[PDB]
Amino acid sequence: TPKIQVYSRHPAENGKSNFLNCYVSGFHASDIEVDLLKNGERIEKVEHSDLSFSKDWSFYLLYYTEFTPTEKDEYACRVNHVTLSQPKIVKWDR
C-alpha cells in the first residue's frame, strides 16, 4: 500500500496560519485518490503537485492547503485506490 505522511509545514501552533501536507508515495499504482479531511469532512480545493517516473513505476504526490489548526479541529489524509479494499485514512499528529 502507498506510503502516507501527514504533516504541517511549520511547527504547529493553535490559531496560527500554516500549511497541511499529505505526502503519498509508492510504486505500481495509478489513479490514486487523495483527500484532506477536517473533522471527517473532505476539504475542497486542495492543491497538489504530482511526480512520476515510468522507469520504476514510482509516484510522489503532495496534497497541500493553507490552514489554521485549533484544539477542536482534527485533520487527516484519506487515500483510496482499486488495490485497497477500503480507503486508507491517516490522522495528522502534531
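Numbering starts at 1 and runs along the sequence shown.
**Report entry** Mean C-alpha temperature factor, higher of 29-37 and 50-58
**Finding:** Here the higher of the two C-alpha B-factor means belongs to 29-37.
Report task. Identify the stretch, either 40-48 or 65-73, whose C-alpha atoms have the larger mean B-factor according to the entry. Result -> Averaged over C-alpha atoms, the B-factors run higher in 65-73.
Query raised in the report: How does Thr1 rank on Cα B-factor within its chain, lowest, middle or highest third?
Result: Highest third.
Query - Record-listed C-alpha B factor of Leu84: chain third - result: Within its chain, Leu84 is a highest-third residue by C-alpha B-factor, going by the deposited values.
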